[PDB]
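Numbering (the entry's author numbering), first residue to last: 139 to 190.
Each residue gets a CB set at the ideal place from its N, CA and C atoms; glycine is no exception.
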DNA sequence: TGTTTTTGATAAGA
DNA sequence: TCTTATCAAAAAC
């Protein structure tokens, strides 16, 4: 399978930075992942749906 | 088992 | 401007 994009100790690093007020669009080009990845790992609630 | 796991754009409701 | 799951496929082998 492919490699997990945030290299696990970075899941700590991020949880922290975004729960202490950090925008994902920001957090995704410094650690280069896609914003969709970050909402999959650390989400929140409700505004939703589907398709590619 | 030429599979898999996982990303990431993207529709989508909101 | 957001969040959400979907989905085609990259990347690993």
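field: Proximity winner among 153, 144, 158, relative to residue 172 (alpha-carbon distances)
entry: 144
- prompt: Relative to the C-alpha of residue 176, which residue among 140, 139, 151 is closest?
  reply: 151
query: Would DSSP call residue 178 helix, strand or coil?
result: helix
- prompt: First and last residue of the alpha helix (DSSP H) that includes residue 183?
  reply: Segment: none, residue 183 is in no alpha helix (DSSP H) and carries neither H nor E.
Proximal residues to residue 189 (C-beta, below 8 Å), its chain only, five neighbours per side dropped: none
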